[PDB]
Ligand SMILES: CCOC(=O)c1ncn(-c2cccc(Oc3cccc(-n4cnc(C(=O)OCC)c4C)c3)c2)c1C
Ligand SMILES: [Mg+2]
Ligand SMILES: [Zn+2]
């Protein structure tokens, strides 16, 4: 009989795709609990275990400029919006798994790409040859679930448990944006040829993968001041990586070269055209009620075009 509630402006705005979770770090756990309770029910997780899990998840995000705890909770909130706008398309196990997958999807990120790990010769790049950080993030998720009093999935059968951990693994692996391009091409073709079948688990897998990319990129779907200030955070990481590439004797790609600051506007255009727009385009085709993510992304592309024209 303990319903989590938010102040009125949050209670209403949290249901919208463009909600920003705000700069009050200590409200993020309650925002997440509010979302699980509304998306899943007060019954899906024992509150004391969920609280302990969220707090260990928080502790295992690092204080990097972008791939931090705020990103975790932001990506969960977009997933919550998709789930609440497409109620009857998702299983009970999918609703439980996917908000958790989003909270956990960047666990123990260090602010460097899979590439940099591979060029540095980091031990994780020997353990996990592809989707290096993303296998690490799942591995950290499983480690936190196995802490005493942290198994939020305790109530599930042996079957359901294997099923949810497999939804989470695939969800997290899909956030490897190298995998996005092929996934979306396949989903586009299936949607157009009419072969797309949500009863085919393999198809559901691809659709959940696209939702994961959509949630992961959701900074591009926010109010322009959120979008622009978040871009400054992600380039802070990208340029520190470029600095590290130069320290290994490697000229970085332009996106990671702080000497090519000037070129950010045009690089955002490429990003919106090559990744973001197509991502939310295909998502809106498959799940019509996600359309506000596409429309917001398009709006933000047009703000980046204005930056380029010196109209800001
Ligand atoms: C918080 C906002 O999230 C982002 O901004 C974001 N999130 C992921 N990615 C990303 C990761 C890997 C490849 C990629 O894919 C693309 C695709 C097409 C263009 C680009 N691109 C972006 N900037 C430059 C650049 O040179 O800036 C110069 C400083 C270039 C080339 C990145 C895009 C970006 C840019
Ligand atoms: Mg990631
Ligand atoms: Zn992420």
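Using the numbering of Swiss-Prot, the residues shown for chain A are 725-1036, in order.
Technique stated in the header: X-ray crystallography, 2.3 Å.
Just so you know, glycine gets a Cβ as well, placed from its N, Cα and C.
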Return the residue out of 744, 900, 929, 940 that Swiss-Prot annotates for the same divalent metal cation 1 site as 795, 829, 830.
-> 940
Counting Cβ atoms within 10 Å across all protein chains shown, which of the binding-site residues 830, 940 comes out on top?
-> 830
Neighbouring C-beta atoms (10 Å sphere around the C-beta of residue 992 (3',5'-cyclic GMP binding site)) = 23
For the recorded positions listed (791, 795, 829), most other Cβ atoms within 10 Å of the Cβ sits at 829
What remains of the binding-site residues 795, 830, 940, 992 after requiring a CB under 6 angstroms from ligand 2 is 830
